[PDB]
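Each remark here refers to the structure printed beneath this line.
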Amino acid sequence: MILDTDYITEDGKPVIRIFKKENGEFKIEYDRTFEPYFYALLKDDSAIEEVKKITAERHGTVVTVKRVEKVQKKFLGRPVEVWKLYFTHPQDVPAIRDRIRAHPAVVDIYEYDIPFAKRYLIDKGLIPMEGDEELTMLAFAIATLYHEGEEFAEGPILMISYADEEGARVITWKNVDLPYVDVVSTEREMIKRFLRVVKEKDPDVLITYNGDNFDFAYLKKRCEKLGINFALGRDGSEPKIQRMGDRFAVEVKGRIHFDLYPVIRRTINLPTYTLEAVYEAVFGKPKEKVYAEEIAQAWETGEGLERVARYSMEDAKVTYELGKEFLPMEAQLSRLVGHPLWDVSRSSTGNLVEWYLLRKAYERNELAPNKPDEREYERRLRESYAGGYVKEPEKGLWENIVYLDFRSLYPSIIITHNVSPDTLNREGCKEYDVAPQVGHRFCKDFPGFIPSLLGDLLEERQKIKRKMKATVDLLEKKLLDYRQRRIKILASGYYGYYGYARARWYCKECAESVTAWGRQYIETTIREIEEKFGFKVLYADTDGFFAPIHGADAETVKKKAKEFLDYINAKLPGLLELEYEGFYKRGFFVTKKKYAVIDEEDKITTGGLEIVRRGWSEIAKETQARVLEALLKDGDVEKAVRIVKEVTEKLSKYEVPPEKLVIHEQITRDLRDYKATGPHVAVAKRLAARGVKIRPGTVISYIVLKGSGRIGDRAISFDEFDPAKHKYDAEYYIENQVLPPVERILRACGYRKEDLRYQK
DNA sequence: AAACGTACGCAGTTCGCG
DNA sequence: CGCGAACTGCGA
Ligand SMILES: [Mg+2]
Ligand SMILES: [Mg+2]
Ligand SMILES: [Mg+2]
Ligand SMILES: [Mg+2]
């Protein structure tokens, strides 16, 4: 099983290293024969001799063209003749490529910015994560001592915990009486002991939660101060910090650092993504969170450290359990895309599409298009196109509603109508499909590049869905549900890739053709279910819609819905399929992209509501959730009105605990780059003036106090809140937090928003 | 050296124009 | 004052 690939430079020459795990043994295979290259298109072949003489320089090394070779390939399906230029070192390509393109006889260059290790995996047809090999795993987490106004890693690490199949243990340099706690003398001995544990265990995978941005960077800075060689790699190397665009990632040579945070972020939809919320969402059991303030107080006073050690232990144990379930899912995606697990687990949907396209293009001798230059990139940003059809929702609290949607609308359209840049307006074709409204033609004589690959993706999702319904184990049912959803967003990401300004296979014509077909098919289905089956579509968004039959039983609606699915699916062509996704006894639709429904099991599912959004206090989210229950479950508008009255009265009389009034908002940039100052920016700017380090990603937890001025003038960081000297703004939390979310709900159901709050 | 898939949306805060 | 625009953050 190929784990990963990289390259090292040995005497000025690159050596490909293939990290593998075969027969329970970790092995490194060395390849010194692979040569870097890129392509160049010439006006006349006679100029290849002058192109060969082009040189460049790279930190003291003269770069020359090692060897050239003319090859016949295809560009967007059309035959093309290009020159393959070979070089000694992969870093020769960045140094010389601009000078080669600048030659007047060179029309353009291609495939000049593909990493050397990834190029090796593609050109050798090597697929990582293939086979039934078992990878050894070890999760770990750290607990630190923090104070406001300090620099990163200024305080020491207090505990290092780790967990595998043998259990979880904690290393610390203070005496904590717990059987899973090993006590050393100093922070240095604690770090060195953890380094020994990893070396003796020798795990293939190191599991963390947000280790890319916290745990590894913290251990690194501490090791520099204490003068510790943090040799976590199997080659003895230290963890290397890389920069994937605007985010940081940490690799450990010889192993795979599996950071669960970017995996869970894309796999599960949650309001917050703390480790505690993630563990409960997957396993159903709660996990206690111990904050940095309690950790600092327990360590410094010396009292209550057993609770900190248990929290640190649970961190490693929970991270291992989560890593056990999600590694096989991400391992399959690595097999599907053909990219290492380390990159796949953190890669964006766009790069996951492009890397698979790059591999398939090589297999088909298709020359890859380039990433756009600066002019073309900004040109693509300035152009857009129409998207999905969103109907203005009908007002009211409705009963006996079915939800019908397409199985995979955009991928189904791409395959059915052969939407591909190599098929767009292709001359001399014997059959083509014309997109409505936008009029783009797409050849149907041969399978397009992208349509020929989307079919296998949709097949993999249907196999996962088949095992999903058959599985009875509730856990395994949930992971497979997560897994097939990841395939859906990947296949759906092929459409968005057509409109991604940085995409190699950029095709705005392909993108708007997909959405135009999507708008036509959803509007056709809405028209047919209303005119032929007497339904009334209440709300529709892109690929699905909600609709009941006015004054019909639950059974009458279910039977007529299945009757319509038979009629409409016989009419719909190709791979397009409308599905029966659910029946809901009650439901209402506030605005576009905002709704709430309840099934026959009293399970409430919502979309775009304030309960799942950041920036609303808990007293507002909890009140909306209770109003949701009174309307959907009990059909009791008066009860929902009484709930809001009881809440606003408790707020006016200062009987609500201030912890439920905390608003959380994230700082997204450098504080100097904010053009407007809101409540969370004003609190951040005030904290930064006191020495607090505010960075992009810092979550501001503030509470609005009773006072004067704007809301930002009255807001203060909640850690500075003292209930003995501060009085929270009861009028603000009534009028601005609690009322608006429920006011819009009661208006949308057909009821006045008047007299919802308590008044004297 | 890589680099957020897309369009379609809502809604809070601030603040100036008419 | 009322409204809307700008800014801001994020949810098929
Ligand atoms: Mg790598
Ligand atoms: Mg952690
Ligand atoms: Mg654009
Ligand atoms: Mg059909």
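Because only heavy atoms are used, hydrogens play no part in the values below, and waters and symmetry mates are left out as well, while side chains stay in. Each chain gets a letter, A, B and so on, in the order the sequences are listed, and its residues count up from 1.
Contacts of A:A503 with the nucleic acid, taken as non-hydrogen atoms under 4.0 Å apart, are absent. As judged by a 4.0 angstrom heavy-atom cut-off over every strand, A:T677 is placed among residues touching the sugar-phosphate backbone only. When heavy atoms are screened at a 4.0 angstrom cut-off, A:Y674 is found touching the sugar-phosphate backbone but no base atom. Using a 4.0 Å heavy-atom cutoff across all strands shown, A:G712 reaches sugar-phosphate atoms only and no base atom. Using a 4.0 Å heavy-atom cutoff across all strands shown, A:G615 reaches no nucleic acid atom at all. Here A:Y385 lies in heavy-atom contact (under 4.0 Å) with sugar-phosphate atoms only. As judged by a 4.0 angstrom heavy-atom cut-off over every strand, A:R502 is placed among the base-contacting residues. Contact annotation for A:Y500: backbone-only contact, meaning every heavy-atom pair under 4.0 Å involves sugar-phosphate atoms and none involves a base. A:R247 comes within 4.0 angstrom of nothing in the nucleic acid, heavy atoms only. Counting non-hydrogen atoms under 4.0 angstrom, A:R714 reaches nothing in the nucleic acid. Residue contacts for A:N736: at a heavy-atom cut-off of 4.0 Å it reaches the sugar-phosphate backbone alone, with no base atom in range. When heavy atoms are screened at a 4.0 angstrom cut-off, A:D405 is found touching no nucleic acid atom at all. Residue contacts for A:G496: at a heavy-atom cut-off of 4.0 Å it reaches a base atom on one of the strands shown. Using a 4.0 Å heavy-atom distance criterion, A:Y377 is classed as making no nucleic acid contact.
A salt bridge is absent between A:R265 and A:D259: the closest approach of a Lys/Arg side-chain nitrogen to an acidic carboxylate oxygen does not fall below 4.0 angstrom. Under the 4.0 Å criterion applied to side-chain N and carboxylate O atoms, A:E378 and A:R382 are not assigned as salt-bridge partners. Taking 4.0 Å as the cut-off between side-chain N and carboxylate O, A:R346 and A:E251 do not count as a salt-bridged pair. Between A:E731 and A:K706, none of the side-chain N atoms (NZ, or NE/NH1/NH2) sits under 4.0 Å from a carboxylate O, so this pair counts as no salt bridge.
Checking B:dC10, B:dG12, B:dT13 against the side-chain heavy atoms of A:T591 singles out B:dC10 as nearest. Residue A:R669 places its side chain closer to C:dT8 than to any other of C:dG11, C:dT8, B:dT13. Looking at the side chain of A:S492, the nearest of the listed nucleotides B:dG5, B:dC15, C:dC7 is B:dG5. Closest to the side chain of A:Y495, out of B:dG5, B:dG12, B:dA1, is B:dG5.
Note on A:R744: every side-chain N or O is 4.0 Å or more away from OP1 and OP2 of B:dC10. At B:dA2, none of the side-chain N or O atoms of A:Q242 fall inside 4.0 Å of OP1 or OP2 (strictly under the cut-off). Between A:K594 and B:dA11, a side-chain N or O to OP1/OP2 separation shorter than 4.0 Å is present. Not one side-chain nitrogen or oxygen of A:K593 sits closer than 4.0 Å to the OP1 or OP2 atom of B:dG9. Contact check, A:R504 against B:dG5: no side-chain N or O comes under 4.0 Å of OP1 or OP2. Put simply, A:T668 has a side-chain N or O that comes within less than 4.0 Å of OP1 or OP2 on C:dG9. OP1 or OP2 of C:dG9 has at least one side-chain nitrogen or oxygen of A:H680 nearer than 4.0 Å. A:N351 has a side-chain polar atom (N or O) that falls below the 4.0 Å cut-off from OP1 or OP2 of B:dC4. Side-chain N/O atoms of A:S348 include one lying less than 4.0 angstrom from OP1 or OP2 on B:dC4.
Taking for each of A:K391 and A:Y494 the nucleotide of DNA chain B with the nearest heavy atom, the 5'-most of the two is the partner of A:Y494. DNA chain B is contacted by both A:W355 and A:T515; A:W355 maps to the nucleotide lying nearer its 5′ end (nearest heavy atom per residue).
In this structure, a donor-acceptor pair under 3.5 Å is present between the side chains of A:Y674 and A:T668. For the 3.5 Å distance criterion, the side chains of A:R744 and A:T591 fail to qualify, holding no donor opposite an acceptor.
Comparing the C1' positions of B:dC4 and C:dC10 gives a spacing of 14 Å, expressed to the nearest Å.
Below the 3.5 angstrom threshold, one finds a donor paired with an acceptor across the side chain of A:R613 and the base of C:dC10.
Rounded to whole Å, the distance from CZ on A:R243 to P on B:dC4 is 15 Å. In this structure, A:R519 atom CZ and B:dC8 atom P are separated by 8 Å, rounded to whole Å.
Without hydrogens or angle criteria, A:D599 side chain to A:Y584 main chain gives no donor-acceptor distance under 3.5 Å.
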